[PDB]
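Next up: a single chain in structure tokens, the form deposited in one PDB entry.
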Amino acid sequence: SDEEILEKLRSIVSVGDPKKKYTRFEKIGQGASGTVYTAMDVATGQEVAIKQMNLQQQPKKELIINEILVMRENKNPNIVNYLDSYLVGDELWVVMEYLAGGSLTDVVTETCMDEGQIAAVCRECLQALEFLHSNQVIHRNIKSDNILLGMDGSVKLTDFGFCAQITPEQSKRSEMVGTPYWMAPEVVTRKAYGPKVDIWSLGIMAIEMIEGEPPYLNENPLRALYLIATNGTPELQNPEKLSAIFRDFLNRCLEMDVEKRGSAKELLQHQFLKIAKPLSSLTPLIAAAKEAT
């Protein structure tokens, strides 16, 4: 019975020796959620990022299976590409594309962004969001840490461990999942929510690009969880620094009324995304974040 859920996971993964298909292994990161290596596809000569997790020691097969499956059926230019999976010696190896420009968290916490650079990032993310939302997938963990950057300034979404599928029959969801500071109020208050929670988290992510961090970050997770549920729409520290069209975009991402809050399809047409700079204008941000590290 359990955990015979592994049979699905062992049926998912590709077979064969990952050692044979990839060489030039170099460690690039090592968090609590695994360790990332760079490597070269012996075939195409292409560079890949391989995440290695301890298995059991995390876990949870139900949701890590969900992560693989969801990525496979949801390929998009604005989503970090999933390549392969291999289970070797109680380790789950997930081969992903390599983005060398680091994360949006490096940028937002070490640099200042102009409205043109923020609009370019918001656009790419909404493009990924509209695609997932049309395929009835809710990310539920949108934050700057899950935005990866290409050396050319490419903006791509990652981390599908927390996503959830939806149907016309079950159009909502009720689990208190995600990361506290980015969580929509309707999620914090255990109400039935929809895809628009990702829109809220995008808005908080925009606040990151503005102020360097999401609201209440000095407070502890539970304290922040309380602050969100009571205050509703978060206040900017210096709202007047923003153009009126940026403030409008923000207010529509952070609208308490789910019905009034924008959808990804809607927000892609907003006048704030007009003044978007090309993605090349992100490379000095990237360069700046690298320095001071």
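The term rigid core refers to the maximal set of C-alpha atoms that superpose within 1.5 Å between the two forms. One rule holds for the numbers: they count along the sequence shown, beginning at 1.
Stretch comparison (224-232 versus 36-44) by mean CA B-factor in the PDB entry places 36-44 on top.
Between 168-176 and 199-207, the higher mean Cα B-factor belongs to 168-176. Residue-level inspection of the entry shows that, of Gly89, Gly161, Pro214, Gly101, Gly89 has the top Cα B-factor.
Sort the modelled residues of the chain by CA B factor and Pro278 lands in the middle third.
When the modelled residues of the chain are ordered by their C-alpha B factor, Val258 lands in the middle third. Ranked within its chain, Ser154 lands in the middle third, by CA B factor from the PDB record. Among all modelled residues in its chain, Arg72 ranks in the middle third by Cα B-factor. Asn135: CA B factor in the middle third of modelled residues in this chain (values from the PDB entry).
Here the subject shifts to the form deposited in another entry, a form of this protein not shown in this document.
Checking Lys27, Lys265, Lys241, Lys260 for C-alpha shifts of 2 Å or more between this form and the one not shown, after the rigid core is superposed, gives a single hit: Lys27. Annotation: Cα of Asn251 displaced by less than 2 Å between this form and the one not shown, core superposition.
Core-aligned CA deviation for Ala229 between this form and the one not shown: less than 2 Å. Once both forms are fitted on their rigid core, the CA atom of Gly89 lies 2 Å or more apart between this form and the one not shown.
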